[PDB]
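Before any questions on how it binds or moves, here is one chain, the form deposited in one PDB entry, in structure tokens.
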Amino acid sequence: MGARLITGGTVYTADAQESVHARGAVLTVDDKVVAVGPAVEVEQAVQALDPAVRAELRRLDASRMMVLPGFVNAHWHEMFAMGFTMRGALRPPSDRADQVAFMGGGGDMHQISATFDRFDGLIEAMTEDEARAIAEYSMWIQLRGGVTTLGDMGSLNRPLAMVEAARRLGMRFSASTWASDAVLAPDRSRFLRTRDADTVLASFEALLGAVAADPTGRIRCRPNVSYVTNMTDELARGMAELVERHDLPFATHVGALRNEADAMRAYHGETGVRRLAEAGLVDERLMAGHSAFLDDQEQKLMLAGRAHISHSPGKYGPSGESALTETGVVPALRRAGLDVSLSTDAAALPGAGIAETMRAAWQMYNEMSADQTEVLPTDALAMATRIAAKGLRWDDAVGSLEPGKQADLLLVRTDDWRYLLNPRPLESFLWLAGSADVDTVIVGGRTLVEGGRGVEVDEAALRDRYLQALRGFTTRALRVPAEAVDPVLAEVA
């Protein structure tokens, strides 16, 4: 795939020193970064290349651009199959009758638990062609917003359809399976077992076997538990044994909601982080989604275990979640030295991407502390790249522009009014830009996106296949009448 020199722009590395190079350069050979730094230092690396390699060198003039490492979104859910029903296309245009529901008002724990336990049934209701079309468009939207490495933490989609989508798109993907074996029902004093733990674990073992063979280096997998509410002691024990035996990372959602601790005590006799700790899951392998509603003992367990938190401050308000300011635990654990990364979470229609989440962290963590240095723009970038990659156990290959790492990078245009006179274009990007301002996306030295358009894929073709799949799934599986769906899709066209 040959050599590429990207020169002249401001280069953000997200390396250990959070290095920024004005008039910087990145030299890539095949899939790897070979040199990054001042243009003059990188030109010395170009002159050291084999003559046959230097002769094929592609020079990209990035003088009116900012270069970033590819975003690593380690906490994401494929949910686009629910685009008509889940807070989606059938809502009234007026928001005035909206109610506090689902995750809002501290969490409707019965409704959340019941909803999560229904995923297996809905996944089985979609065809493999519907699953592939929805996955490919959903994952394209992440790639288009600069996500080069995507982490599944439990999707309403078929795992191997999402793996096939990632293979076709050219992006990196950490695949998972849906894992729920208990429900918290309103008529009961105790959790109701819905599945055999061994069956849930066999489903992940099948995925692990299928991606073990992948030759691209772009596909990994990571087991998750959907939510500690929907987790038996047997599933927790089984997950601990699986991640030890196969040397894997582990993910779950825990301390996500004000009402979680009381539901966990009532139905399981113990709170989320303590149940994980008794199974041996609170350790360096753990990425905890949200992880804000933790008492002092649970905070100390996370610190002692050197666990990881994925935080989604771009999307809490619109869900009615209070996982930032009600406890202030995640910023406090970050100050105490816990690894904290930024993720999008997900929804059934496009929501905040990584770029929007970086802005949210920069605004919100700094405002809470009355400190513009708590999250610097380069910290928000590290939290969406290098630190995220560390939580996913992919920081061997991705998350920073350093020699020997994968050539995964973004170009953003910096020639318009938003960037004028600013020596810190990442700051202008966090003020006034977002996902739609990502211009070029390169993964393993291959250009996947240029001018905001697919190079090897057509967004228009992915959209058409996604809409066709959504029509089939929505009318057949969700039982929304074709008479209500077809007119909406006809007005897109």
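From 1 onward, residues are counted along the sequence shown.
This next part talks about the form deposited with a small molecule bound, which is not shown.
Query raised in the report: Pick from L392, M139, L410, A256: which residue has any heavy atom within 4.5 angstroms of the small molecule in the entry with it bound?
Result: It is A256.
Query - One residue of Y227, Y365, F250, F173 in contact with the small molecule, assessed in the entry with it bound (non-hydrogen atom, 4.5 angstroms) - result: If I apply the 4.5 Å criterion carefully, the residue I get is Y227.
Query raised in the report: Using heavy atoms and a 4.5 Å limit, would one call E374 a contact residue for the small molecule in the entry with it bound?
Result: Outside the cut-off, so no.
Query raised in the report: Should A279 be classed as touching the small molecule in the entry with it bound when contacts are defined as heavy atoms within 4.5 Å?
Result: Because no heavy atom of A279 falls inside 4.5 Å of the small molecule in the entry with it bound, the answer is no.
Report task. Verify the contact flag for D345: yes if a non-hydrogen atom of it lies within 4.5 Å of a non-hydrogen atom of the small molecule in the entry with it bound, no if not. Result -> Heavy-atom contact with the small molecule at 4.5 Å: present for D345.
Query raised in the report: Do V329 and the small molecule come within 4.5 Å of each other in the entry with it bound, heavy atoms counted?
Result: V329: no contact with the small molecule in the entry with it bound.
Query raised in the report: Is every one of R4, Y12 and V34 in contact with the small molecule in the entry with it bound, taking contact as a heavy atom within 4.5 Å?
Result: Answer is no for this spot.
Query raised in the report: Where does the small molecule sit in the entry with it bound: which of 73-81, 196-204, 352-360, 161-169, heavy atoms within 4.5 Å?
Result: Stretch with heavy atoms near the partner: 73-81.
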